[PDB]
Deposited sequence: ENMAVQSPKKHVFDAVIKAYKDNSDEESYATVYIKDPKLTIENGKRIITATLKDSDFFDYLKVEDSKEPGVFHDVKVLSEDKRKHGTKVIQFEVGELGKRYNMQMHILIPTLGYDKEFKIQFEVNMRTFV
């Protein structure tokens, strides 16, 4: 179990994606000799779905207080590599209905 960081990218562009701000305190655990990312998804209510290379991420916990906050989890093959990720952002009051495909690499926060 390690302090981890997730870097998101605006699809093909290598400029940092906005979604990065909606994911905080990423943590990397290793089970069965396999790499598992457990991350906090802030403002969860605006996420109709969140898929990773596609299957939805699994939600360990759900909070409903401040526009939702779901502790999400998924698996990664290798650390340093880019991975395709899809999301549906749905904000009824706005109303913001858009689906996005970005790329994300998950790393170790600090040096080992």
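Participant: Note down, first to last, the deposited-sequence stretches for which the model contains no C-alpha atom.
Facilitator: Sequence ranges with no C-alpha atoms are 1-11, 65-71.
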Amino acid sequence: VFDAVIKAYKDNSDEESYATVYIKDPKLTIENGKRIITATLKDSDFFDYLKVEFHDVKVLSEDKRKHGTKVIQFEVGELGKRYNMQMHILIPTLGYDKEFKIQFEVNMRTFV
From here on, numbers count along this sequence of modelled residues.
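Participant: Which is higher on mean Cα B factor in this entry, 28-36 or 69-77?
Facilitator: So the stretch with the higher mean C-alpha B-factor is 28-36.
Participant: 37-45 versus 78-86: which one carries the higher mean Cα B factor per the record?
Facilitator: Comparing averages over the C-alpha atoms only gives 78-86.
Participant: Could you say whether, by C-alpha temperature factor, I23 belongs to the lowest, middle or highest third of its chain?
Facilitator: Lowest third, going by the recorded CA B-factors of the chain.
Participant: Which third of the chain does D63 land in by C-alpha B-factor: lowest, middle or highest?
Facilitator: For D63, whose C-alpha B-factor we compare with every modelled residue in the chain, the answer is the middle third.
Participant: Which third of the chain holds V112 when residues are ordered by C-alpha B factor: lowest, middle or highest?
Facilitator: According to the entry, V112 has a C-alpha B-factor in the chain's highest third.
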